[PDB]
Amino acid sequence: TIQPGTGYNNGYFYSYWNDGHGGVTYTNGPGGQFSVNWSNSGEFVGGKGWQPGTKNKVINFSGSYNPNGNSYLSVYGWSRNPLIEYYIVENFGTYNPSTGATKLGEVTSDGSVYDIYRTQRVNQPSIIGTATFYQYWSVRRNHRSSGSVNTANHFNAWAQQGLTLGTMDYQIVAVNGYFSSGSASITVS
Ligand SMILES: O[C@@H]1[C@@H](O)[C@H](O[C@@H]2CO[C@@H](O[C@@H]3CO[C@@H](O)[C@H](O)[C@H]3O)[C@H](O)[C@H]2O)OC[C@H]1O
C-alpha cells in the first residue's frame, strides 16, 4: 500500500491521487499490476502506465473491476499546452460520465463503437495546480474489464473533431472514483 503521489514500480509509472477524504487503498503489485479497494471514498484516481505517454501507444489491460457507485475504468492521462485531462472509458458504475454532455463524434476501435464528448472543469485540481480546463472522452458502448486500446484511433478521432492535444504527460490505466465503494485488480502492459 502506498501514499498518494507518483513514481515507478516494477518497471511501470504509477500515479495515485485523492482529495484527502479517506476510504481508499491503492496497492502496487508485480509487473504491471495494481489493485484498488475503497469504501465510502471521496474523489480519487490511480493506476499504472507511462510517463510520458505517446500518441500511438497500444495499451493492454486485464483483470476484475467491481464498482459500487460512481467509478470509471479508463485509459487516463494528461497533455500540457493545452492542458487537457482525457479518458478512454472502458467501463463504469452508476454514472456514464458523458451524461448531459455534447456528443462530438463516434470512433470504432478495438471491438466497439465509442461516443466522443468534451466537458469542462472549472477551478479544479490538475497536474499544474488549480485550473479551468477541457476534458476529452471516448465512452465505450460495450463495457469490459480486459482488452487492448489503440490510443491513436482515439487521439486521431479527437483531433479530427477539433479536440487537439498538446504535449503528453502521464498516461495510465486507471480506476476513478467519486464518493463510492468498490474493488478492482488490473494488470497493464
Ligand atoms: O501535488 C500535485 C499533485 O497533487 C497533482 O496531481 C494531479 C492532481 O489533479 C488530479 O486530477 C483530478 C482527478 O480527478 C478527476 O476526476 C479531476 O477531474 C481531476 O481534477 C490528477 O489526477 C493528479 O495527477 O499533480 C500536481 C502536483 O504538484
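By Swiss-Prot numbering, chain A shows 35-223, in order.
Per deposition record, X-ray crystallography, 1.8 Å.
Just so it is clear, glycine is given a Cβ too, placed from its N, Cα and C backbone atoms.
Swiss-Prot has this to say about the protein:
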type	residues	note
CARBOHYD	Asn71	N-linked glycosylation site
CARBOHYD	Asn94	N-linked glycosylation site
BINDING	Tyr106, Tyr110, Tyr121, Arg155, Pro159, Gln169, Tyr204	substrate binding site
ACT_SITE	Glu119	active site, nucleophile
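A map of Swiss-Prot features onto the structure.
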residue	record	Cβ neighbours (10 Å)
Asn71	N-linked glycosylation site	17
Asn94	N-linked glycosylation site	14
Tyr106	substrate binding site	24
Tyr110	substrate binding site	24
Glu119	active site, nucleophile	22
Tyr121	substrate binding site	25
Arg155	substrate binding site	14
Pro159	substrate binding site	13
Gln169	substrate binding site	17
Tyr204	substrate binding site	19
*Under 6 Å from ligand 1 by C-beta, which of these binding-site residues make it: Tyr121, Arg155, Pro159, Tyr204? Sequence order, please.*
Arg155, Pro159
*Taking just the CA atoms, what is the gap between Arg155 (substrate binding site) and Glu119 (active site, nucleophile) in Å?*
9
*For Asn94 (N-linked glycosylation site) and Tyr110 (substrate binding site), what Cα-Cα distance in Å is obtained after rounding to a whole number?*
13
*Check the Cα distances from the residue listed as 'active site, nucleophile' to each of the recorded positions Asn71, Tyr106, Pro159, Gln169 and keep only the ones within 10 Å.*
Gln169
*Just how spread out is the substrate site if you go by the largest Cα to Cα distance in Å among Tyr106, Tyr110, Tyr121, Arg155, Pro159, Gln169, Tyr204?*
19
*Mapped DSSP class for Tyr121 (substrate binding site), helix or strand or coil*: strand
*Secondary structure at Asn94 (N-linked glycosylation site), reduced by DSSP to three states*: strand
